[PDB]
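J.: experimental structure below, sequence on top.
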Protein chains: 2
Amino acid sequence: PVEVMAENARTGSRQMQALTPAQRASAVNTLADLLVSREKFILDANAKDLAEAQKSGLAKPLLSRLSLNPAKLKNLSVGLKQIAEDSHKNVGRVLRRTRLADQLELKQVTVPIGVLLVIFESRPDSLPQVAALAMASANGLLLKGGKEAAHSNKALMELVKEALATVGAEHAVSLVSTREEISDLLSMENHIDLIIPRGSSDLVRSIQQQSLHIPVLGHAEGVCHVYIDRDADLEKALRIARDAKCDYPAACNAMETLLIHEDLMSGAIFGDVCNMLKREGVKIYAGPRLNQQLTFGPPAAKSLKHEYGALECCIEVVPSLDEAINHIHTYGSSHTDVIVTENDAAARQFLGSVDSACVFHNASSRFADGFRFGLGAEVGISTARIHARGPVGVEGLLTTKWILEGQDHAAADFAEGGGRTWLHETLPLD
Amino acid sequence: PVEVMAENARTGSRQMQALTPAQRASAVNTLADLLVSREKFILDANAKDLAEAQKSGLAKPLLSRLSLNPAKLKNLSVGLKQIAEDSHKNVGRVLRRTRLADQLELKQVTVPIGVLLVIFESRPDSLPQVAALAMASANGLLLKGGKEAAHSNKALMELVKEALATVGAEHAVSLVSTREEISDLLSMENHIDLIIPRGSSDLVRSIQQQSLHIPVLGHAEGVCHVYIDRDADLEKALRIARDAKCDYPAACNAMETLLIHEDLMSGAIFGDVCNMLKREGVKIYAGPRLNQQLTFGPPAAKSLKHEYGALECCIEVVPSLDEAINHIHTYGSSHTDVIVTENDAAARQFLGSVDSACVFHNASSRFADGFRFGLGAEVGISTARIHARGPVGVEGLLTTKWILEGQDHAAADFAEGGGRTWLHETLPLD
C-alpha cells in the first residue's frame, strides 16, 4: 500500500537509531563499493530508459539531465566516501551538560527527524546521494521519482536496499509509483516530516502551494542582487558580475539584477558592463530610475520581481546605500545578496543590515553551493525562516531531545518543603 | 490598520537589529524599573477589569487567572532582571569560522526571526515577560489579548512602549483589537513568522487547525507516561507518581497514564498505588490488559489517547519493556516520558529508544518547566519536530545567516582555469 510504506519506514528509523559507532559508516562505505562494482546494471538501464523517453520528447532540461556516465558514478563514489569519512559523529552527539542540583545532570542530545520524503524530477544521480545522507543521519526515508528514469530508479533502489541489508538488517528506504496522486501522498501526516523537494522551480512551487500543515524545506525563487558600491575597483566589479551571471545562468542563485551606485554612473562603468554583457550575449532590461536616466536605452522591465533563468538581467540604479538595502528587502527574496567595495564602513553597514539567507562581500554569488562552504554534501537550499537557512548540510536533519538522569528527585521536593538547591553550572559538554 | 502594524514591526526589527552591546540590556532593565515604580496604574486597572468581568462570569480558570498582585509584579521584576543579566550575547554571536582559500573566511552568525505573533488568552502577567523576550532577542513583536484583561493589556502596553522608547527610539511592539477576526489575521503571511500560542489546550488546538502555511510553535496535548520498571524501589515509585500527578493536575506535562511492569504486580504495588491515589482523591480508570486482569475493578477507559486535566489517570500494564516502548510511541504524544528503576541496562534501552520530546530517569515529569532546566525564561513548550523541541528558551527565536568576507574571489576562478585551492580548516569560533 502507501501508508504501510511510511509506517515501516518509521520502524526502520527506530531500528537504525542504535548502531552509530562505525556501523552506518561501513554501511555507506559498502554502498559506495556497490556503486563502483555493479555499474553495468544501472548503465544499461539508463541507456534503455533514455532511448525510450527520446520518442516522447518531454523537455530538453530533463532529457539532457537524466543521462549517466561512468564519470558521474565515480563522482558519486567519491562523494559517498566523503560522507562516510566525515559522518562519524552526527547521531548521539551532545550539545549541553548542565547540573541543577546534587546528582541530577541535564544533557541535550542529537536525534533523527523521522520519515523524510524526497521529491525530485527525474535525476537518477541524486538518489544514491540522498540515500547516503539518510543512512548517515540515521533517519528513515521515502523517495518519489517521476515518469522518466523509472527503470534507473528501480535499479538504484535495489542497489541501495542490498547495500543497506548488510548491517541494520531492516529496509527503511522505499519508492512510490507513478506520481501516486501527489496531492494524496502530500496530504498525509502523522507519518512524514520533511518534504525535501529537489527538482526545479515548478516543482518546489507546486509543492509549497499544495503542501498544507507539513514542514517543507527548500525555496521557490532565486532573485539575487549585486550592489556595486562607489569605492570598488572597476574591473573588479566587471569580473564579479561576469562570473556571477555567465557561468550557470539557469542556476538557482545566479544574479537576476544588478544595482549600481548612481555616483559611479559618471565613470562610464555602465558602458563597460553593458559591453561585457553584450560580449557574453545577455538581453538586459532597465530599471525605472535607469529608464528615466538615459535617452532611449534598453527596454522597460516588465516586473522587478521577475525570474529569467535565461540570459537576462535587469539593471537599476539607486542613490544611496540605504535605498539599496530597502530595495533588496522589498523585491529580493532574501536568498543570496552580495556587495563589492573597498570601504570597510559600507561593508559593515550592508553585512549587518540586509536580511538575506547569506550575504557576501567582494565574493561571487555562485559560492552558495553547499559543497563550497565546507558543508559536506548539501541536501537543499533552505530559505525557510526556521531550523535551516541557506545551504543545509546534514545537520539540517537532526533535532534535539532533552534527557535527564537523576537519582531520586521529585517535583515539589524543590519547594520550601524539601532542601534542594540550584547550581546551573554548565559542565564540559562532550 | 492591521497590516501596517506588521510592516512597522518589521521596520522596528531592522532598527533594533544594530545596538546589541549593553543597549537592549539597559532597555529591559529600564522596563523592570518601570514595572516596579509605576505599579499603581496597572494595579487599579486590573481591579477595574476584574470587577467588570465578574458579572459576565466567563470561566473559573480565566476569572481566577487574570488576577495580579504586587507579589506577582515583584516576580516579573526579578525575572526581567534575570533576562537582562543573562541576555548579553544572544544577537551577533558566531557559530562557525571556516577558511576555504587564501583570504576568504566563512562565518555563520545569529540573527532575529522577524515579526513574532504572540497569542494568549487573558493572562496579563505574560505580556511583560514576552515583551522582554522580544527586546532581548532583537525581533519585533505583535500581541493579541482576549476579551478580558483589555484595560490591563493597554496599560501594560503603554508601559512597555515607554520603556522601549528610551533607547532604540522606534516602537516595534503593538496590539490588536477584540479578536480581530483571528482567522483573517492568521491567514496573513509575508509579514508574520511565529504564531506563539500561550493560552491553553483549546487555543493551541484552534490555532493548529486554522493555521495553514505559517510556522506555529507550541504543542496541543500533554499525554505523559510513567513506566515503573521491575527493579525500582517501591516507595520510590510511590513518591514519583504522587509528585507527578498531585501537584498541578491541570498542567500541560502531568502524567495522564501510568504503565506498570506485569511482573511487579505480584508485589501488591498496585494496591499501594491505588491506595495512594485514593488518599489523594483521583478517579482512576483501567487499561484493557488490567481490565482483563482483575475481578471487577475500576471502570473501563473510554479511549487510551484521552486528556483529563482533572484528577483522573488511566493505568495499564505491559509484559515487557519493548512493549511499553511501542505503547508510548503509539499512544503518547511524545511530550514527556519517564522511567524509574535501579537497572542501568533498561535505563539505556529506554533513554535511547523512546522518541519523546524529553525523557527522564528516576526524575519527576514535572521538571519540564523551562525555568528548571536552567534555560532562562521559557517562551513555550515546543513539540514540533523542527527548530525547537521541548522547552524553548530564547534561542528558539534565533536563526542563522551565512556571511562571507573575501578579497577578490570569483566562482569559476576555482575551476581548472584559476589556481585556487581548498582548506576547510575550522578556525577558532568566537
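T.: Thanks, I have it. Numbering: from 1, shown residues only, chains lettered A, B, ... in the order given.
J.: check which helices and strands the strand or helix carrying residue A:12 is in contact with.
T.: Residue A:12 belongs to helix A:3-16 when assigned by DSSP states H and E. Using 3 or more CB pairs under 8 Å, 6 or more residues apart in numbering or on different chains; DSSP states H and E, the elements in contact with helix A:3-16 are strand A:115-119, strand A:141-142. (C-beta placed from N, C-alpha, C; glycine too.)
J.: partners of the last one, with directions?
T.: To tie it back to what came earlier, the one meant is strand A:141-142. In the sheet, strand A:141-142 lines up against strand A:115-119 (parallel) (DSSP bridges).
J.: ok, then the element right after the strand it pairs with?
T.: Heading C-terminal from strand A:115-119 (DSSP H and E), you reach helix A:126-137.
J.: output that following helix as CSV, restricted to C-alpha atoms.
T.: Output in CSV follows, covering the C-alpha atoms of helix A:126-137 (Å, rounded to 0.1, in the frame of the first residue of the first chain):
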residue,chain,number,x,y,z
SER,A,126,20.6,12.3,-6.7
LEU,A,127,19.0,9.0,-5.4
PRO,A,128,22.2,7.5,-4.0
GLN,A,129,23.4,10.8,-2.6
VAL,A,130,20.2,11.4,-0.7
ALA,A,131,20.1,7.7,0.4
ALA,A,132,23.6,8.1,1.8
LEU,A,133,22.5,11.3,3.6
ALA,A,134,19.7,9.3,5.1
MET,A,135,21.8,6.4,6.2
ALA,A,136,24.3,8.7,7.7
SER,A,137,21.7,10.8,9.5
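J.: gap between it and the chain center?
T.: Remark: helix A:126-137 is offset 14 Å from the chain centroid, using CA atoms, centre = their mean, to the nearest Å.
J.: what helices or strands is that helix leaning on?
T.: Under the contact definition 3+ CB pairs under 8 Å, 6+ apart, helix A:126-137 sits against helix A:20-37, helix A:70-85, strand A:115-119, strand A:141-142, helix A:150-165.
J.: helices or strands up against the last one?
T.: Identification of packing neighbours for helix A:150-165 by 3+ CB pairs under 8 Å, 6+ apart yields helix A:20-37, helix A:39-56, helix A:126-137.
J.: neighbouring contacts of the first one?
T.: Residues outside helix A:20-37 that contact it (CB atoms under 8 Å, 6 or more residues apart in numbering or on different chains) are A:16, A:73-74, A:76-77, A:80-81, A:83-85, A:87-88, A:91-92, A:128, A:131-132, A:135-136, A:138, A:159-160, A:162-164, A:166-168.
J.: still on that earlier bit, got the angle between the helix holding residue A:12 and helix A:150-165?
T.: With axes from the mean of the first three to the mean of the last three CA atoms, to 10 degrees defining the directions, helix A:3-16 sits at 30 degrees from helix A:150-165.
J.: give the contact list for residue A:297.
T.: Taking CB under 8 Å, 6+ apart, we find residue A:297 in contact with A:286, A:290, A:291.
J.: is the residue of the stretch 151-300 of chain A found nearest chain B in a helix, a strand, or coil?
T.: Using CB to the nearest CB, residue A:243 is the residue of the stretch 151-300 of chain A that sits closest to chain B, at 4.2 Å. At residue A:243 the chain is in helix, as set by DSSP: H, G, I helix; E, B strand; the rest coil.
J.: how close does it get to residue A:234?
T.: Residue A:243 sits 15 Å away from residue A:234 when distances are taken as CB to CB, to the nearest Å.
J.: more crowded one of those two?
T.: The neighbour comparison of residue A:243 against residue A:234 (other CB atoms under 10 Å in any protein chain shown) goes to residue A:243, with 20 against 13.
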